[PDB]
Structure formats: structure tokens, C-alpha cells
């Protein structure tokens, strides 16, 4: 019958393009980070049920600031979101993936800690991974190693290998057309093309620098719609979001769009 994981009102373009979803958001600093440098947890105060958890990792040299805007944007649509700082700003993708999974583990721990603001708010069986550049490569390694993850949505990803043919997790890749750090043609697009077994999507922002999906970007309506739609469709099995998740947004800001096995 009814999808037990469906949360919130039926979506519209307007509701997904808005700065905030329907739920009220609060946040806290993780008091004793377990396996990573630091974290901020964003959560809805008024979802009508337990929600999935998403862990988000920055790029090389970067901090939570670069990725922070996802915390409220996703949590306001019914997710617990942890943004991390890595143990070192100079950690590489494999380390970033371990730390991302350690952050998801700690959100699972906090869900069982009666003093935590997220006590009983998380469905620890439903998790997703996001991140920028080496933190995006780390997200893809997390998905490859942990195929029970329900969705991945890295941005301007990079890894030392572009072969993610093992990934069976639904994966949306955000890319930035004018990326000079991890050029689309040598990084994000090969990574996308490698993935044969999954629902997948490629969305490249016109004229975007390497930071085109970071906090402060000028395309939050489109990028936030797609990220929330992908996570709703695949972490919540919420087919109300199937068309938003799978469609070509046919948008001025989109300079490359691909998708496969999307429903």
C-alpha cells in the first residue's frame, strides 16, 4: 500500500526550487567526532516519521563552509545531514570515504543516544553520500564499498581512478563546465560513463568553476531541486519525485545532461 518513507507535501517545481523545504531545521556541533575531524548535524524538528541520513565531505584544503548550504536545504525536506571536516584538510579520497562512513556511523550512534537532538529521528537503514571533488570521489568509493547506501550525489568529483563500474547505488553527478581543477572531460564525465549497473544522472552547470555547486552558488534553485529530488526518489523510494529526479530540467544553466536507468 502506502510508502512508509514518504514525508512532506506533494512536491512542485516551486517547492523544490525554494530556499527551504517544509520542515523546520535545527543543528548542533558533534561533541566528540568519531573517526573524522568535526561535524555539524542538521535535522528536521517536525518530520512525521524517521528520516534517512546523508553525510557530506568537502574537497582538498576545504572545510564544512564549502558544502554547508546542503545541510539546511536537505534537512528542510526531511533528512538528517552531517557535514564534516576531515581529520586533515589534505586527506585523499580513500580516507575521505572512511571518514564519511564514520560520520554516518556516528549519526546512527546519536539516533540511539537519549541526550541527542536526533534521538529516534533517523532510519539507520536509509543513508546517502555527497561531497565535493575528492569528497565526491570519496562518496563514490563509499557507494562502491557499501552498496546498501540508497543514493549518492557527488559534485565536481575526482578520484585517482575514474572506474566506478562496481557502483550499483543510484548516483547523480553534478559537474561544472569550466572546471580547471578536475576537468569534466577527464574526471566527472569518465566517472559517469563508467557506471553501467545503476540509475544514474549527469548535470553540468554552464560556465561553472570547480566551486559551482558549493555554498554561495547562483544556481541553488536548480541544484537544490535536483539534489533533493534524487535523494527523495532513491533514499525514500518516493516516486512522487520520479519526474523531478529523472527529467532533463531543459534549463539555461544546464550545458550537459545525461541519465540512464532512471524511474
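Our numbering is plain: 1 for the first residue shown, then up by one each step along the chain.
Every residue gets a Cβ built from N, Cα and C, even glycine.
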Matching residue for the poly(ethylene terephthalate) site, where Swiss-Prot names 60, 134 - out of 70, 158: 158
Candidate recorded positions 176, 210, 212, 246, pick with smallest Cα gap to residue 133 (active site, nucleophile): 210
Between residue 212 (disulfide bond) and residue 179 (active site, charge relay system), the C-alpha gap once rounded to whole angstrom: 9
Remaining residues near the recorded poly(ethylene terephthalate) site, that is with C-beta within 8 Å of the centroid of the site residues 60, 134, 158: 59, 92, 93, 96, 133, 135, 136, 137, 159, 181, 182
